[PDB]
Amino acid sequence: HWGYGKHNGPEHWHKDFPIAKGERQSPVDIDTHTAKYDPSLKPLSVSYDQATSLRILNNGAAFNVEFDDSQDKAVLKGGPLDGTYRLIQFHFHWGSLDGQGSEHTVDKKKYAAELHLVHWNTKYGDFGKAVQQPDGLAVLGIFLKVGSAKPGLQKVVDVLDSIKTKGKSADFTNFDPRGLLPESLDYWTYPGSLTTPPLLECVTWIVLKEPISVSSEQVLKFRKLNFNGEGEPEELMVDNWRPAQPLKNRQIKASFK
Ligand SMILES: [Zn+2]
């Protein structure tokens, strides 16, 4: 099955998921000088004060921190969005080295990692219905660079030992995702897709201009995770990123000048 190895990586995904060669695939390179400032874009509204985190799961592709999305407790609104989008989970993509790991790139620059806060449009009732709609999901993407530690990430880093292998989970209550945001919510936005199979073209991407800084030790700990299940040969969970895909007939809009 699909993965991030030589034999099942992104270049192979189209054989099982032909939408991999679709018209609105993600990620993309954000060419900052081709993007256009759109003064009609509103400030993002990130309302996470009442967020209820539940669990952290190694799903074999990344680790997901999952939230209670049965009510409007942690929501994204505004920006390019029409309506209310509920946070369901966040996860990261990262590299084997600090110079790669992000899915989106900025003028071809790759960051060490990229955080995805995944939200679904409440008018569609459930996430499964939402992924079948062109405006079903809103994903807030945040780049990670290596420098000073991110204090609000350390609770995540410290629990990874307990979910080393695929299928493992652990309680992860009372986590505040506001601690993973940069200072500025300036962003780029474009229509795209899930970046893992089934690669559905259901996402409004909102990628923050300002990276967060994490320490070398924090991202090092991501790299100790395993793609494999317990009892199987150890395959480090590194380079779990899809490379940039062609922009095709899309425009990237900037919320800032
Ligand atoms: Zn992702």
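Quick note: residue numbers are just sequence positions, from 1. Because only heavy atoms are used, hydrogens play no part in the values below, and waters and symmetry mates are left out as well, while side chains stay in. Atoms within a ligand are numbered from 1 in the order they appear, just like the ligands themselves.
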* Return the set of residues passing side-chain contact (heavy atoms from CB on, under 4.5 Å) with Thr165 (not counting sequence neighbours), or none when no residue passes. => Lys168, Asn226, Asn228, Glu230
* **Residue from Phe172, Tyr48, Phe175 passing ring pair (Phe, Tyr, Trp, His ring centres under 6.0 Å) with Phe90** => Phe175
* Asked: For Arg86 and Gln71, does a side-chain donor sit closer than 3.5 Å to a side-chain acceptor?
  -> no
* In sequence, state the C-alpha distance, the side-chain angles, and the governing distance for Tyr111 and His93, and then conclude on side-chain hydrogen bond (donor to acceptor under 3.5 Å, both in side chains). => CA-CA 10 Å; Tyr111 281 88; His93 305 265; over 6 Å; no
* Asked: Among the protein atoms near the Zn ion (ligand 1), how many are N, O or S and lie under 2.8 Å away?
  -> 3
* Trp188: ring pair (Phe, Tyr, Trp, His ring centres under 6.0 Å) partners, not counting sequence neighbours -> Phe256
* Asked: Hydrophobic cluster mates of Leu97, side-chain heavy atoms under 4.5 angstrom, ILVMFWY only, any path?
  -> none
